[PDB]
file upload_8.cif (mmCIF, C-alpha atoms)
data_coords
#
loop_
_atom_site.group_PDB
_atom_site.id
_atom_site.type_symbol
_atom_site.label_atom_id
_atom_site.label_comp_id
_atom_site.auth_asym_id
_atom_site.auth_seq_id
_atom_site.Cartn_x
_atom_site.Cartn_y
_atom_site.Cartn_z
ATOM 1 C CA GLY A 1 97.099 83.673 104.002
ATOM 2 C CA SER A 2 98.997 86.623 102.551
ATOM 3 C CA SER A 3 97.093 88.041 99.579
ATOM 4 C CA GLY A 4 98.483 90.531 97.081
ATOM 5 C CA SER A 5 101.952 89.717 95.769
ATOM 6 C CA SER A 6 104.651 91.048 98.096
ATOM 7 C CA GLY A 7 105.680 94.629 97.394
ATOM 8 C CA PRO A 8 106.211 97.298 100.074
ATOM 9 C CA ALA A 9 106.459 101.051 99.518
ATOM 10 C CA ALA A 10 109.672 101.693 101.448
ATOM 11 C CA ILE A 11 112.167 104.300 100.250
ATOM 12 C CA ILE A 12 115.067 102.908 98.223
ATOM 13 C CA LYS A 13 116.480 106.210 96.970
ATOM 14 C CA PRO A 14 117.118 108.521 99.954
ATOM 15 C CA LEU A 15 117.379 112.299 99.593
ATOM 16 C CA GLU A 16 120.652 114.236 99.526
ATOM 17 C CA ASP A 17 122.199 117.527 100.642
ATOM 18 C CA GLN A 18 121.051 120.348 98.363
ATOM 19 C CA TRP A 19 122.934 123.614 97.856
ATOM 20 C CA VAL A 20 120.930 126.621 96.668
ATOM 21 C CA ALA A 21 120.615 130.367 97.237
ATOM 22 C CA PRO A 22 118.219 132.396 99.426
ATOM 23 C CA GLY A 23 115.367 132.847 96.969
ATOM 24 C CA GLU A 24 115.598 129.831 94.675
ATOM 25 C CA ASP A 25 113.205 126.882 94.462
ATOM 26 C CA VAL A 26 114.270 123.575 96.013
ATOM 27 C CA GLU A 27 113.045 120.183 94.808
ATOM 28 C CA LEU A 28 113.638 117.055 96.891
ATOM 29 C CA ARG A 29 112.712 113.950 94.897
ATOM 30 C CA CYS A 30 112.797 110.342 96.097
ATOM 31 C CA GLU A 31 111.970 106.750 95.157
ATOM 32 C CA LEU A 32 109.538 104.228 96.640
ATOM 33 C CA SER A 33 109.230 100.471 96.131
ATOM 34 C CA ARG A 34 105.568 101.216 95.422
ATOM 35 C CA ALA A 35 103.320 104.095 94.362
ATOM 36 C CA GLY A 36 100.212 105.490 96.028
ATOM 37 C CA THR A 37 101.815 105.803 99.455
ATOM 38 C CA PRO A 38 101.466 108.581 102.063
ATOM 39 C CA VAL A 39 104.500 110.648 103.062
ATOM 40 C CA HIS A 40 105.469 112.916 105.956
ATOM 41 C CA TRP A 41 107.795 115.872 105.391
ATOM 42 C CA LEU A 42 109.450 116.918 108.653
ATOM 43 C CA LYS A 43 111.486 120.131 108.633
ATOM 44 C CA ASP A 44 113.508 120.892 111.764
ATOM 45 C CA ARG A 45 111.526 118.351 113.784
ATOM 46 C CA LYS A 46 108.318 120.060 112.664
ATOM 47 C CA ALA A 47 105.343 118.620 110.783
ATOM 48 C CA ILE A 48 104.903 120.271 107.386
ATOM 49 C CA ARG A 49 101.589 120.802 105.596
ATOM 50 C CA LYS A 50 101.132 120.705 101.820
ATOM 51 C CA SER A 51 100.537 124.295 100.712
ATOM 52 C CA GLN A 52 101.508 126.972 98.190
ATOM 53 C CA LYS A 53 104.986 126.938 99.728
ATOM 54 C CA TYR A 54 105.380 123.171 100.070
ATOM 55 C CA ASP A 55 104.074 121.441 96.944
ATOM 56 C CA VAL A 56 103.923 117.704 97.635
ATOM 57 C CA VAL A 57 104.207 116.131 94.183
ATOM 58 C CA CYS A 58 103.621 112.404 94.658
ATOM 59 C CA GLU A 59 104.167 110.877 91.218
ATOM 60 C CA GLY A 60 105.044 107.398 89.989
ATOM 61 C CA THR A 61 106.975 106.050 92.966
ATOM 62 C CA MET A 62 108.415 109.556 93.283
ATOM 63 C CA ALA A 63 107.928 112.054 96.108
ATOM 64 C CA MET A 64 109.028 115.600 95.283
ATOM 65 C CA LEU A 65 108.776 118.593 97.617
ATOM 66 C CA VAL A 66 108.895 122.102 96.152
ATOM 67 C CA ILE A 67 110.038 124.754 98.625
ATOM 68 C CA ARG A 68 109.066 128.009 96.914
ATOM 69 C CA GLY A 69 111.447 130.797 97.881
ATOM 70 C CA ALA A 70 113.913 128.942 100.092
ATOM 71 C CA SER A 71 115.380 131.470 102.527
ATOM 72 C CA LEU A 72 118.367 130.948 104.822
ATOM 73 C CA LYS A 73 115.787 129.751 107.349
ATOM 74 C CA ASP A 74 114.186 127.202 105.024
ATOM 75 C CA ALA A 75 117.462 125.345 105.560
ATOM 76 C CA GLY A 76 116.878 122.378 107.848
ATOM 77 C CA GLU A 77 116.788 118.608 108.284
ATOM 78 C CA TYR A 78 114.200 117.057 105.969
ATOM 79 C CA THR A 79 113.033 113.681 107.277
ATOM 80 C CA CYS A 80 110.887 111.718 104.827
ATOM 81 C CA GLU A 81 108.862 109.579 107.232
ATOM 82 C CA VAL A 82 107.243 106.939 105.021
ATOM 83 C CA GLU A 83 105.141 103.882 105.856
ATOM 84 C CA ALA A 84 108.017 102.088 107.582
ATOM 85 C CA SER A 85 111.099 103.471 105.831
ATOM 86 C CA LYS A 86 112.683 106.867 106.483
ATOM 87 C CA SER A 87 115.112 109.255 104.788
ATOM 88 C CA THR A 88 117.126 112.108 106.294
ATOM 89 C CA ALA A 89 118.937 114.989 104.598
ATOM 90 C CA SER A 90 120.366 118.467 105.174
ATOM 91 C CA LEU A 91 119.343 121.505 103.127
ATOM 92 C CA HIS A 92 121.708 124.422 102.515
ATOM 93 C CA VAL A 93 121.112 128.064 101.587
ATOM 94 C CA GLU A 94 123.706 130.816 101.195
ATOM 95 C CA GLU A 95 123.630 134.225 99.506
ATOM 96 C CA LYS A 96 125.671 134.751 96.340
ATOM 97 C CA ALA A 97 128.539 137.231 96.041
ATOM 98 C CA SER A 98 126.672 139.154 93.342
ATOM 99 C CA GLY A 99 123.329 140.410 94.616
ATOM 100 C CA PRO A 100 121.337 143.211 96.283
ATOM 101 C CA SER A 101 123.570 142.943 99.351
ATOM 102 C CA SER A 102 126.337 140.920 101.000
ATOM 103 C CA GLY A 103 127.229 139.848 104.525
#

call {"tool": "encode", "arguments": {"input": "upload_8.cif", "output": "structure tokens"}}
result
Amino acid sequence: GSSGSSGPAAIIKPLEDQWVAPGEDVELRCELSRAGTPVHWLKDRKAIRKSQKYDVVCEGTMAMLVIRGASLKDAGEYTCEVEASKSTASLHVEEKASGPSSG
């Protein structure tokens, strides 16, 4: 007997490649077939931990990740490892022509 009407929490709306500058805030939102589900943010094959830098905002079937001050390094492959689903993306970060320095 299968109780509770069918309804998984897989990811239907995968992330995408973001293009920002070295010092701006990045927000990676997503969509889940259900709310109240745990997520796993993997950056460069590394397990991330919710903190001042990474603000895991899990709202109505929406998982957003704020990357305060995203430096050229912050750029990496973000893998949203959900219950069973999974989403992969590539972050970008390049300095602007007009700034404190160029190179």

call {"tool": "closest_residue", "arguments": {"input": "upload_8.cif", "among": "A:26, A:15, A:21, A:32", "to": "residue 58 (chain A)", "atoms": "all atoms listed in the file"}}
result
A:32

call {"tool": "resolve_selection", "arguments": {"input": "upload_8.cif", "expression": "the PyMOL selection byres ((chain A and resi 74-84) around 10)", "output": "number ranges by chain"}}
result
A: 8-11, 14-20, 22-23, 26, 28, 30, 32, 37-48, 63, 67-73, 85-94

call {"tool": "atom_distance", "arguments": {"input": "upload_8.cif", "atom1": "CA of residue 60 (chain A)", "atom2": "CA of residue 31 (chain A)"}}
result
8.7 Å

call {"tool": "axis_aligned_box", "arguments": {"input": "upload_8.cif", "around": "region 18-34 of chain A", "padding_each_side": "8 Å", "output": "JSON"}}
result
{"center_x": 114.3, "center_y": 116.7, "center_z": 96.9, "size_x": 33.4, "size_y": 48.4, "size_z": 21.0}

call {"tool": "atom_distance", "arguments": {"input": "upload_8.cif", "atom1": "CA of residue 4 (chain A)", "atom2": "CA of residue 34 (chain A)"}}
result
12.9 Å

call {"tool": "atom_distance", "arguments": {"input": "upload_8.cif", "atom1": "CA of residue 64 (chain A)", "atom2": "CA of residue 27 (chain A)"}}
result
6.1 Å

call {"tool": "resolve_selection", "arguments": {"input": "upload_8.cif", "expression": "the PyMOL selection byres ((chain A and resi 54) around 7)", "output": "ChimeraX atom specification"}}
result
/A:50-53,55-56,65-68

call {"tool": "decode", "arguments": {"input": "upload_8.cif", "residues": "region 54-74 of chain A", "atoms": "N, CA, C and O atoms", "output": "mmCIF file, in the first residue's frame"}}
result
data_model
loop_
_atom_site.group_PDB
_atom_site.id
_atom_site.type_symbol
_atom_site.label_atom_id
_atom_site.label_comp_id
_atom_site.auth_asym_id
_atom_site.auth_seq_id
_atom_site.Cartn_x
_atom_site.Cartn_y
_atom_site.Cartn_z
ATOM 1 N N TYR A 54 27.730 31.240 1.929
ATOM 2 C CA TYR A 54 26.686 30.503 1.225
ATOM 3 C C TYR A 54 25.381 30.519 2.014
ATOM 4 O O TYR A 54 25.252 29.846 3.037
ATOM 5 N N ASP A 55 24.415 31.292 1.531
ATOM 6 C CA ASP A 55 23.117 31.396 2.188
ATOM 7 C C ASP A 55 22.082 30.523 1.488
ATOM 8 O O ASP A 55 21.490 30.924 0.486
ATOM 9 N N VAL A 56 21.869 29.324 2.021
ATOM 10 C CA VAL A 56 20.905 28.392 1.448
ATOM 11 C C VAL A 56 19.475 28.830 1.744
ATOM 12 O O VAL A 56 18.963 28.613 2.844
ATOM 13 N N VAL A 57 18.833 29.446 0.756
ATOM 14 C CA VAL A 57 17.460 29.913 0.910
ATOM 15 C C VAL A 57 16.474 28.936 0.281
ATOM 16 O O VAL A 57 16.155 29.038 -0.905
ATOM 17 N N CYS A 58 15.993 27.991 1.081
ATOM 18 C CA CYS A 58 15.042 26.994 0.602
ATOM 19 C C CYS A 58 13.607 27.474 0.800
ATOM 20 O O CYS A 58 13.027 27.299 1.871
ATOM 21 N N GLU A 59 13.043 28.078 -0.240
ATOM 22 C CA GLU A 59 11.676 28.584 -0.179
ATOM 23 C C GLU A 59 10.728 27.688 -0.971
ATOM 24 O O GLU A 59 11.126 26.640 -1.478
ATOM 25 N N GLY A 60 9.470 28.109 -1.071
ATOM 26 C CA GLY A 60 8.485 27.334 -1.801
ATOM 27 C C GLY A 60 9.064 26.677 -3.039
ATOM 28 O O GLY A 60 9.302 27.340 -4.050
ATOM 29 N N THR A 61 9.295 25.370 -2.961
ATOM 30 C CA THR A 61 9.852 24.624 -4.081
ATOM 31 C C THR A 61 10.889 25.452 -4.832
ATOM 32 O O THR A 61 10.917 25.463 -6.061
ATOM 33 N N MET A 62 11.740 26.145 -4.083
ATOM 34 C CA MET A 62 12.782 26.974 -4.678
ATOM 35 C C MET A 62 14.044 26.963 -3.822
ATOM 36 O O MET A 62 14.011 27.325 -2.647
ATOM 37 N N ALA A 63 15.155 26.543 -4.418
ATOM 38 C CA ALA A 63 16.427 26.485 -3.711
ATOM 39 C C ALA A 63 17.412 27.507 -4.267
ATOM 40 O O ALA A 63 17.958 27.328 -5.355
ATOM 41 N N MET A 64 17.632 28.580 -3.514
ATOM 42 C CA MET A 64 18.552 29.631 -3.933
ATOM 43 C C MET A 64 19.829 29.600 -3.100
ATOM 44 O O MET A 64 19.791 29.338 -1.897
ATOM 45 N N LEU A 65 20.958 29.867 -3.747
ATOM 46 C CA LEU A 65 22.248 29.869 -3.065
ATOM 47 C C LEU A 65 22.982 31.187 -3.292
ATOM 48 O O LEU A 65 23.450 31.467 -4.396
ATOM 49 N N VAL A 66 23.081 31.992 -2.240
ATOM 50 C CA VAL A 66 23.762 33.279 -2.322
ATOM 51 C C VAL A 66 25.255 33.130 -2.054
ATOM 52 O O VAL A 66 25.661 32.663 -0.989
ATOM 53 N N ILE A 67 26.068 33.530 -3.025
ATOM 54 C CA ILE A 67 27.517 33.442 -2.893
ATOM 55 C C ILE A 67 28.134 34.821 -2.681
ATOM 56 O O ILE A 67 28.740 35.387 -3.591
ATOM 57 N N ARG A 68 27.977 35.354 -1.474
ATOM 58 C CA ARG A 68 28.519 36.667 -1.142
ATOM 59 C C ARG A 68 29.935 36.824 -1.691
ATOM 60 O O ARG A 68 30.758 35.917 -1.582
ATOM 61 N N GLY A 69 30.209 37.983 -2.283
ATOM 62 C CA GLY A 69 31.524 38.239 -2.840
ATOM 63 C C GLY A 69 32.062 37.057 -3.623
ATOM 64 O O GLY A 69 32.843 36.262 -3.102
ATOM 65 N N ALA A 70 31.640 36.941 -4.878
ATOM 66 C CA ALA A 70 32.084 35.848 -5.734
ATOM 67 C C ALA A 70 33.353 36.224 -6.492
ATOM 68 O O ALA A 70 33.302 36.953 -7.482
ATOM 69 N N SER A 71 34.490 35.726 -6.017
ATOM 70 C CA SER A 71 35.773 36.013 -6.648
ATOM 71 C C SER A 71 36.031 35.064 -7.813
ATOM 72 O O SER A 71 35.312 34.082 -8.000
ATOM 73 N N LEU A 72 37.063 35.364 -8.595
ATOM 74 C CA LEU A 72 37.418 34.537 -9.743
ATOM 75 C C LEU A 72 37.490 33.064 -9.353
ATOM 76 O O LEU A 72 37.256 32.180 -10.177
ATOM 77 N N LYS A 73 37.813 32.807 -8.090
ATOM 78 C CA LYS A 73 37.914 31.442 -7.588
ATOM 79 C C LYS A 73 36.529 30.835 -7.384
ATOM 80 O O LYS A 73 36.286 29.684 -7.747
ATOM 81 N N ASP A 74 35.626 31.616 -6.802
ATOM 82 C CA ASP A 74 34.265 31.156 -6.552
ATOM 83 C C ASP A 74 33.704 30.430 -7.771
ATOM 84 O O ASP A 74 32.802 29.601 -7.652
#
